[PDB]
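Chemist: See input.cif below, with mmCIF, N, CA and C atoms and all ligand atoms.
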```cif
data_model
#
loop_
_atom_site.label_atom_id
_atom_site.label_comp_id
_atom_site.auth_asym_id
_atom_site.auth_seq_id
_atom_site.Cartn_x
_atom_site.Cartn_y
_atom_site.Cartn_z
N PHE A 1 -26.51 25.25 -19.33
CA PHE A 1 -25.31 24.39 -19.06
C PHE A 1 -25.05 24.27 -17.53
N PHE A 2 -25.12 25.34 -16.71
CA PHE A 2 -24.71 25.28 -15.27
C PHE A 2 -25.64 24.33 -14.51
N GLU A 3 -26.94 24.38 -14.86
CA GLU A 3 -28.00 23.54 -14.27
C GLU A 3 -27.64 22.06 -14.44
N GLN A 4 -27.08 21.68 -15.59
CA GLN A 4 -26.79 20.26 -15.86
C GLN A 4 -25.51 19.88 -15.10
N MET A 5 -24.72 20.84 -14.59
CA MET A 5 -23.44 20.49 -13.93
C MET A 5 -23.57 20.57 -12.40
N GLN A 6 -24.67 21.11 -11.90
CA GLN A 6 -24.94 21.25 -10.44
C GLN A 6 -25.01 19.87 -9.83
N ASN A 7 -24.24 19.69 -8.41
CA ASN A 7 -24.43 18.41 -7.81
C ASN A 7 -25.63 18.39 -6.93
N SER B 1 -5.88 0.52 -14.74
CA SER B 1 -5.54 1.05 -13.44
C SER B 1 -5.43 2.59 -13.44
N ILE B 2 -5.42 3.33 -14.56
CA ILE B 2 -5.60 4.80 -14.47
C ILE B 2 -6.85 5.25 -15.22
N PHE B 3 -7.36 6.40 -14.83
CA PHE B 3 -8.57 7.00 -15.42
C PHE B 3 -8.11 8.27 -16.11
N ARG B 4 -8.52 8.37 -17.39
CA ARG B 4 -8.28 9.54 -18.24
C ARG B 4 -9.63 10.14 -18.62
N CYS B 5 -9.65 11.42 -18.97
CA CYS B 5 -10.84 12.08 -19.54
C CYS B 5 -11.18 11.31 -20.83
N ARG B 6 -12.41 10.84 -20.98
CA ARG B 6 -12.87 10.11 -22.18
C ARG B 6 -12.81 10.97 -23.45
N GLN B 7 -12.86 12.29 -23.31
CA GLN B 7 -12.98 13.22 -24.47
C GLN B 7 -11.59 13.55 -25.01
N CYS B 8 -10.55 13.57 -24.18
CA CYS B 8 -9.25 14.11 -24.66
C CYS B 8 -8.04 13.33 -24.10
N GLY B 9 -8.20 12.44 -23.13
CA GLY B 9 -7.10 11.61 -22.62
C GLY B 9 -6.31 12.23 -21.48
N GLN B 10 -6.69 13.40 -21.00
CA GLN B 10 -6.05 14.03 -19.81
C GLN B 10 -6.03 13.01 -18.66
N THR B 11 -4.90 12.87 -18.00
CA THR B 11 -4.79 11.98 -16.82
C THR B 11 -5.60 12.55 -15.66
N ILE B 12 -6.49 11.78 -15.03
CA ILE B 12 -7.39 12.35 -13.96
C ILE B 12 -7.20 11.60 -12.65
N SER B 13 -7.31 10.28 -12.64
CA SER B 13 -7.17 9.55 -11.37
C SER B 13 -6.68 8.12 -11.58
N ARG B 14 -6.79 7.31 -10.53
CA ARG B 14 -6.22 5.96 -10.47
C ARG B 14 -7.22 5.11 -9.73
N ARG B 15 -7.28 3.83 -10.08
CA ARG B 15 -8.10 2.81 -9.36
C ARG B 15 -7.67 2.75 -7.88
N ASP B 16 -6.38 2.82 -7.60
CA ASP B 16 -5.84 2.80 -6.22
C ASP B 16 -6.43 3.93 -5.37
N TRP B 17 -6.96 4.98 -5.97
CA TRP B 17 -7.44 6.18 -5.25
C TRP B 17 -8.95 6.12 -5.06
N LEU B 18 -9.60 5.01 -5.43
CA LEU B 18 -11.06 4.89 -5.14
C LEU B 18 -11.27 4.94 -3.62
N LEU B 19 -12.30 5.65 -3.19
CA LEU B 19 -12.65 5.87 -1.78
C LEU B 19 -14.04 5.31 -1.51
N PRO B 20 -14.21 4.30 -0.65
CA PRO B 20 -15.55 3.87 -0.27
C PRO B 20 -16.22 4.81 0.75
N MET B 21 -16.87 5.87 0.29
CA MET B 21 -17.67 6.81 1.13
C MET B 21 -19.00 6.15 1.51
N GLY B 22 -19.33 6.09 2.80
CA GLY B 22 -20.53 5.40 3.29
C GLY B 22 -20.57 3.92 2.88
N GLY B 23 -19.41 3.26 2.72
CA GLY B 23 -19.35 1.81 2.43
C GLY B 23 -19.11 1.49 0.95
N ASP B 24 -19.32 2.41 0.00
CA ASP B 24 -19.22 2.06 -1.45
C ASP B 24 -18.51 3.21 -2.19
N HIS B 25 -17.65 2.91 -3.16
CA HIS B 25 -17.06 3.99 -4.01
C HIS B 25 -18.12 4.52 -4.99
N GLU B 26 -19.17 3.77 -5.26
CA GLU B 26 -20.20 4.15 -6.27
C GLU B 26 -21.49 4.66 -5.60
N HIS B 27 -21.95 5.85 -6.01
CA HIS B 27 -23.21 6.49 -5.56
C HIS B 27 -24.00 6.87 -6.81
N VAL B 28 -25.25 6.44 -6.91
CA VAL B 28 -26.13 6.88 -8.03
C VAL B 28 -27.06 7.99 -7.50
N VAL B 29 -26.99 9.14 -8.13
CA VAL B 29 -27.55 10.40 -7.60
C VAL B 29 -28.20 11.19 -8.74
N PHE B 30 -29.10 12.11 -8.40
CA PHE B 30 -29.63 13.05 -9.41
C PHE B 30 -29.55 14.47 -8.87
N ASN B 31 -29.36 15.40 -9.79
CA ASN B 31 -29.32 16.85 -9.44
C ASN B 31 -30.71 17.46 -9.63
N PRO B 32 -30.88 18.76 -9.27
CA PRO B 32 -32.19 19.40 -9.41
C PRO B 32 -32.76 19.47 -10.82
N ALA B 33 -31.91 19.47 -11.84
CA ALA B 33 -32.30 19.41 -13.28
C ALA B 33 -32.64 17.96 -13.71
N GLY B 34 -32.60 17.00 -12.77
CA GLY B 34 -33.02 15.60 -12.91
C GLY B 34 -31.99 14.75 -13.64
N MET B 35 -30.80 15.25 -13.89
CA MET B 35 -29.71 14.45 -14.48
C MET B 35 -29.32 13.37 -13.46
N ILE B 36 -29.23 12.12 -13.92
CA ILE B 36 -28.72 11.01 -13.08
C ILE B 36 -27.23 10.83 -13.37
N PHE B 37 -26.44 10.63 -12.32
CA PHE B 37 -24.99 10.38 -12.43
C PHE B 37 -24.65 9.12 -11.64
N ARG B 38 -23.79 8.30 -12.25
CA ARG B 38 -23.09 7.20 -11.55
C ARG B 38 -21.76 7.81 -11.12
N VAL B 39 -21.68 8.17 -9.86
CA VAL B 39 -20.52 8.90 -9.30
C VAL B 39 -19.59 7.89 -8.62
N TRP B 40 -18.31 7.95 -8.95
CA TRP B 40 -17.27 7.16 -8.26
C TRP B 40 -16.49 8.13 -7.39
N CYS B 41 -16.31 7.78 -6.14
CA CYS B 41 -15.57 8.62 -5.18
C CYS B 41 -14.10 8.23 -5.25
N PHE B 42 -13.24 9.24 -5.33
CA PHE B 42 -11.78 9.12 -5.32
C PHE B 42 -11.24 10.05 -4.24
N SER B 43 -10.21 9.59 -3.53
CA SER B 43 -9.45 10.37 -2.53
C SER B 43 -8.81 11.58 -3.21
N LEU B 44 -8.38 11.39 -4.44
CA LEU B 44 -7.42 12.28 -5.12
C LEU B 44 -7.72 12.22 -6.61
N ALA B 45 -7.48 13.34 -7.29
CA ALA B 45 -7.58 13.48 -8.75
C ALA B 45 -6.65 14.61 -9.16
N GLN B 46 -6.33 14.67 -10.43
CA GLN B 46 -5.44 15.69 -11.02
C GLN B 46 -6.00 16.04 -12.39
N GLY B 47 -5.41 17.05 -13.03
CA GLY B 47 -5.74 17.44 -14.40
C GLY B 47 -7.12 18.06 -14.50
N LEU B 48 -7.68 18.52 -13.38
CA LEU B 48 -9.04 19.11 -13.34
C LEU B 48 -8.88 20.61 -13.24
N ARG B 49 -9.97 21.32 -13.50
CA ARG B 49 -10.07 22.77 -13.22
C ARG B 49 -11.34 22.94 -12.38
N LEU B 50 -11.21 23.41 -11.15
CA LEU B 50 -12.38 23.61 -10.26
C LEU B 50 -12.94 25.00 -10.51
N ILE B 51 -14.24 25.11 -10.80
CA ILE B 51 -14.83 26.41 -11.21
C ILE B 51 -15.80 26.87 -10.12
N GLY B 52 -15.70 28.14 -9.78
CA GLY B 52 -16.64 28.78 -8.84
C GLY B 52 -16.17 28.61 -7.42
N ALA B 53 -17.05 28.86 -6.46
CA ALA B 53 -16.74 28.71 -5.03
C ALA B 53 -17.63 27.57 -4.53
N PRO B 54 -17.27 26.90 -3.42
CA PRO B 54 -18.02 25.73 -2.97
C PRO B 54 -19.45 26.10 -2.58
N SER B 55 -20.33 25.12 -2.70
CA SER B 55 -21.76 25.24 -2.38
C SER B 55 -22.19 24.01 -1.61
N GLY B 56 -22.92 24.19 -0.51
CA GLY B 56 -23.54 23.08 0.25
C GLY B 56 -24.91 22.70 -0.36
N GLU B 57 -25.47 23.51 -1.25
CA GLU B 57 -26.88 23.35 -1.72
C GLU B 57 -26.97 22.03 -2.49
N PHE B 58 -27.91 21.16 -2.14
CA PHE B 58 -28.22 19.90 -2.85
C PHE B 58 -27.05 18.91 -2.74
N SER B 59 -26.12 19.09 -1.78
CA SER B 59 -24.94 18.20 -1.70
C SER B 59 -25.43 16.78 -1.44
N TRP B 60 -24.92 15.82 -2.19
CA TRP B 60 -25.27 14.40 -2.05
C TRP B 60 -24.49 13.79 -0.90
N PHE B 61 -23.48 14.48 -0.36
CA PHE B 61 -22.65 13.93 0.73
C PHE B 61 -22.76 14.84 1.93
N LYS B 62 -23.22 14.26 3.05
CA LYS B 62 -23.56 15.03 4.26
C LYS B 62 -22.30 15.74 4.75
N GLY B 63 -22.38 17.06 4.94
CA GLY B 63 -21.32 17.87 5.58
C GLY B 63 -20.34 18.39 4.56
N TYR B 64 -20.52 18.07 3.26
CA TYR B 64 -19.59 18.51 2.22
C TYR B 64 -20.22 19.55 1.31
N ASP B 65 -19.38 20.51 0.94
CA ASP B 65 -19.63 21.55 -0.09
C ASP B 65 -18.96 21.12 -1.39
N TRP B 66 -19.59 21.41 -2.54
CA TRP B 66 -19.04 20.97 -3.83
C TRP B 66 -18.65 22.16 -4.68
N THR B 67 -17.62 21.94 -5.50
CA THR B 67 -17.29 22.79 -6.66
C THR B 67 -17.29 21.91 -7.91
N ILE B 68 -17.82 22.43 -8.98
CA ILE B 68 -17.80 21.74 -10.28
C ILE B 68 -16.34 21.52 -10.71
N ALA B 69 -16.02 20.31 -11.14
CA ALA B 69 -14.69 19.91 -11.67
C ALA B 69 -14.81 19.67 -13.17
N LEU B 70 -14.09 20.47 -13.95
CA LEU B 70 -13.97 20.25 -15.40
C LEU B 70 -12.61 19.59 -15.68
N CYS B 71 -12.54 18.87 -16.78
CA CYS B 71 -11.26 18.45 -17.33
C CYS B 71 -10.46 19.74 -17.54
N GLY B 72 -9.23 19.80 -17.02
CA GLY B 72 -8.39 21.01 -17.14
C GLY B 72 -7.93 21.20 -18.56
N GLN B 73 -7.97 20.15 -19.38
CA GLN B 73 -7.52 20.22 -20.79
C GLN B 73 -8.70 20.64 -21.71
N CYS B 74 -9.78 19.86 -21.76
CA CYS B 74 -10.86 20.03 -22.76
C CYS B 74 -12.09 20.73 -22.18
N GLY B 75 -12.16 20.96 -20.87
CA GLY B 75 -13.33 21.65 -20.29
C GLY B 75 -14.58 20.77 -20.13
N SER B 76 -14.53 19.47 -20.39
CA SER B 76 -15.64 18.50 -20.18
C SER B 76 -16.00 18.45 -18.69
N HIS B 77 -17.29 18.40 -18.36
CA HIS B 77 -17.69 18.21 -16.94
C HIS B 77 -17.35 16.79 -16.48
N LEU B 78 -16.47 16.63 -15.49
CA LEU B 78 -16.07 15.29 -15.03
C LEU B 78 -16.65 14.95 -13.67
N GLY B 79 -17.13 15.94 -12.91
CA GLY B 79 -17.73 15.71 -11.58
C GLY B 79 -17.57 16.92 -10.69
N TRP B 80 -17.18 16.68 -9.46
CA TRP B 80 -17.17 17.68 -8.36
C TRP B 80 -15.99 17.39 -7.44
N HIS B 81 -15.46 18.46 -6.89
CA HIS B 81 -14.57 18.38 -5.73
C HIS B 81 -15.42 18.70 -4.49
N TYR B 82 -15.30 17.85 -3.48
CA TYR B 82 -16.02 18.00 -2.21
C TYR B 82 -15.04 18.46 -1.13
N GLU B 83 -15.48 19.41 -0.32
CA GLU B 83 -14.64 19.93 0.78
C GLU B 83 -15.52 20.39 1.94
N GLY B 84 -14.91 20.77 3.05
CA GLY B 84 -15.62 21.40 4.16
C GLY B 84 -16.20 20.36 5.10
N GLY B 85 -15.88 19.10 4.85
CA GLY B 85 -16.46 18.00 5.64
C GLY B 85 -15.47 17.43 6.62
N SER B 86 -15.73 16.20 7.07
CA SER B 86 -14.92 15.48 8.09
C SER B 86 -14.70 14.02 7.69
N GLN B 87 -13.47 13.52 7.76
CA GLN B 87 -13.14 12.07 7.62
C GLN B 87 -13.65 11.53 6.30
N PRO B 88 -13.14 11.95 5.14
CA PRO B 88 -12.06 12.93 5.06
C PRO B 88 -12.62 14.34 4.86
N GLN B 89 -11.76 15.34 5.00
CA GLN B 89 -12.13 16.75 4.79
C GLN B 89 -12.56 16.94 3.34
N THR B 90 -11.86 16.32 2.40
CA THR B 90 -12.05 16.56 0.94
C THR B 90 -11.98 15.25 0.16
N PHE B 91 -12.61 15.19 -1.01
CA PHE B 91 -12.49 14.06 -1.95
C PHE B 91 -13.10 14.50 -3.27
N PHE B 92 -13.06 13.62 -4.27
CA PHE B 92 -13.64 13.93 -5.60
C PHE B 92 -14.75 12.96 -5.93
N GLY B 93 -15.87 13.46 -6.48
CA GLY B 93 -16.89 12.56 -7.00
C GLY B 93 -16.87 12.71 -8.49
N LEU B 94 -16.42 11.68 -9.19
CA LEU B 94 -16.25 11.78 -10.66
C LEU B 94 -17.28 10.90 -11.36
N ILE B 95 -17.77 11.38 -12.48
CA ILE B 95 -18.83 10.67 -13.24
C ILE B 95 -18.14 9.54 -14.02
N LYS B 96 -18.46 8.30 -13.67
CA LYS B 96 -17.80 7.09 -14.19
C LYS B 96 -17.79 7.07 -15.74
N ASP B 97 -18.88 7.39 -16.41
CA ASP B 97 -18.97 7.20 -17.87
C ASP B 97 -18.26 8.36 -18.59
N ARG B 98 -17.71 9.36 -17.88
CA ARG B 98 -16.92 10.46 -18.49
C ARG B 98 -15.43 10.18 -18.40
N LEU B 99 -15.07 9.05 -17.83
CA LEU B 99 -13.67 8.61 -17.65
C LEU B 99 -13.44 7.38 -18.52
N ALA B 100 -12.20 7.19 -18.98
CA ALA B 100 -11.74 5.98 -19.66
C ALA B 100 -10.68 5.32 -18.80
N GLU B 101 -10.88 4.04 -18.48
CA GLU B 101 -9.94 3.25 -17.67
C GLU B 101 -8.94 2.53 -18.58
N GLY B 102 -7.68 2.46 -18.15
CA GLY B 102 -6.70 1.76 -18.96
C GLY B 102 -5.33 1.69 -18.28
N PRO B 103 -4.37 1.13 -19.01
CA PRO B 103 -3.06 0.82 -18.44
C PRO B 103 -2.27 2.09 -18.05
N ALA B 104 -1.47 1.99 -16.99
CA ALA B 104 -0.66 3.10 -16.43
C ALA B 104 0.26 3.70 -17.50
ZN ZN A 201 -10.76 16.24 -21.33
#
```
Show how you would write the structure in this file as structure tokens.
Ligand SMILES: [Zn+2]
Modeler:
Amino acid sequence: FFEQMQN
Amino acid sequence: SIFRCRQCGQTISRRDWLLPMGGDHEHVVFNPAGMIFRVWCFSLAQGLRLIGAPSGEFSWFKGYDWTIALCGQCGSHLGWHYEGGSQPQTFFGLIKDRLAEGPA
């Protein structure tokens, strides 16, 4: 999940 | 003229608060996981929850550090808060298709 939210 | 979270209706921003960063409010960008986002820049937003501490890594906007912005109500990823920069110091990059536009 965190990977998909990184800018 | 206002933008709400598409998932739950939380009030997030306003059309009046669109910010043309580098000439345009709209930036099409991808992250290291290859996700593409249509990001709309806003001066101001509300109803968000900023998670973690700011990071300059992979920043799409020169001189700015980002924190992930979730909907403060439903926890949906809505974009990023940008800070640590100049003119302006801070702004929000919100994912257009995660917002619903409608009457005030
Ligand atoms: Zn929401």
Chemist: Output as a ChimeraX atom specification the set of chain B residues within 6.5 Å of chain A, with distances taken over all atoms listed in the file.
Modeler: /B:30-33,57-60,68
Chemist: Restricting the calculation to only C-alpha atoms: of B:84, B:21, B:7, B:77, which residue gets closest to residue 55 in chain B?
Modeler: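 Answer, going by the shortest atom-to-atom distance: B:84.
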Chemist: What does the structure give for the distance between atom N of residue 34 in chain B and atom N of residue 50 in chain B, in Å to one decimal?
Modeler: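 Distance between the two atoms: 22.4 Å.
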Chemist: Distance CA of residue 4 in chain B-CA of residue 52 in chain B, one decimal place?
Modeler: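 Atom-to-atom, CA of residue 4 in chain B to CA of residue 52 in chain B, that is 23.0 Å.
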Chemist: Please identify the helix (DSSP H, G or I) residues within chain B (assignment by DSSP from backbone atoms) and present them as number ranges by chain.
Modeler: B: 15-17, 96-98
Chemist: Select the residues contacting ligand ZN 201 (chain A) at a distance of at most 6 Å, based on all atoms listed in the file, then format the selection as a ChimeraX atom specification.
Modeler: /B:5-10,71-76
Chemist: Measure the distance from CA of residue 29 in chain B to CA of residue 78 in chain B in Å and round it to one decimal.
Modeler: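 Separating CA of residue 29 in chain B from CA of residue 78 in chain B is a distance of 14.5 Å.
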Chemist: Using only C-alpha atoms, can you tell me which of B:98, B:20, B:69, B:64 comes closest to residue 85 in chain B?
Modeler: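 Of all the options, B:64 lies closest to residue 85 in chain B.
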Chemist: Give me the residues near residue 51 in chain B as a count of residues only, where near means some atom within 8 Å (using all atoms listed in the file) and where sequence neighbours in that chain fewer than 3 positions away do not count.
Modeler: 8
Chemist: Tell me which of B:2, B:13, B:104, B:86 sits closest to residue 63 in chain B, counting only N, CA and C atoms.
Modeler: B:86
Chemist: Restore N, CA, C and O atoms in chain A and list the result as a PDB file, keeping the file's coordinate frame.
Modeler:
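After the write, result-v6.pdb holds the following:
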```pdb
ATOM      1  N   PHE A   1     -26.510  25.250 -19.330  1.00  0.00           N
ATOM      2  CA  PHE A   1     -25.310  24.390 -19.060  1.00  0.00           C
ATOM      3  C   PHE A   1     -25.050  24.270 -17.530  1.00  0.00           C
ATOM      4  O   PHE A   1     -24.805  23.145 -17.119  1.00  0.00           O
ATOM      5  N   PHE A   2     -25.120  25.340 -16.710  1.00  0.00           N
ATOM      6  CA  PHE A   2     -24.710  25.280 -15.270  1.00  0.00           C
ATOM      7  C   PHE A   2     -25.640  24.330 -14.510  1.00  0.00           C
ATOM      8  O   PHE A   2     -25.151  23.549 -13.656  1.00  0.00           O
ATOM      9  N   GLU A   3     -26.940  24.380 -14.860  1.00  0.00           N
ATOM     10  CA  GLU A   3     -28.000  23.540 -14.270  1.00  0.00           C
ATOM     11  C   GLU A   3     -27.640  22.060 -14.440  1.00  0.00           C
ATOM     12  O   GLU A   3     -27.890  21.261 -13.496  1.00  0.00           O
ATOM     13  N   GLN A   4     -27.080  21.680 -15.590  1.00  0.00           N
ATOM     14  CA  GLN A   4     -26.790  20.260 -15.860  1.00  0.00           C
ATOM     15  C   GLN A   4     -25.510  19.880 -15.100  1.00  0.00           C
ATOM     16  O   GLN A   4     -25.313  18.689 -14.933  1.00  0.00           O
ATOM     17  N   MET A   5     -24.720  20.840 -14.590  1.00  0.00           N
ATOM     18  CA  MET A   5     -23.440  20.490 -13.930  1.00  0.00           C
ATOM     19  C   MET A   5     -23.570  20.570 -12.400  1.00  0.00           C
ATOM     20  O   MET A   5     -22.649  20.171 -11.743  1.00  0.00           O
ATOM     21  N   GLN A   6     -24.670  21.110 -11.900  1.00  0.00           N
ATOM     22  CA  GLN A   6     -24.940  21.250 -10.440  1.00  0.00           C
ATOM     23  C   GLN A   6     -25.010  19.870  -9.830  1.00  0.00           C
ATOM     24  O   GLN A   6     -25.316  18.874 -10.428  1.00  0.00           O
ATOM     25  N   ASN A   7     -24.240  19.690  -8.410  1.00  0.00           N
ATOM     26  CA  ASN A   7     -24.430  18.410  -7.810  1.00  0.00           C
ATOM     27  C   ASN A   7     -25.630  18.390  -6.930  1.00  0.00           C
ATOM     28  O   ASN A   7     -26.775  18.750  -7.246  1.00  0.00           O
TER      29      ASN A   7
END
```
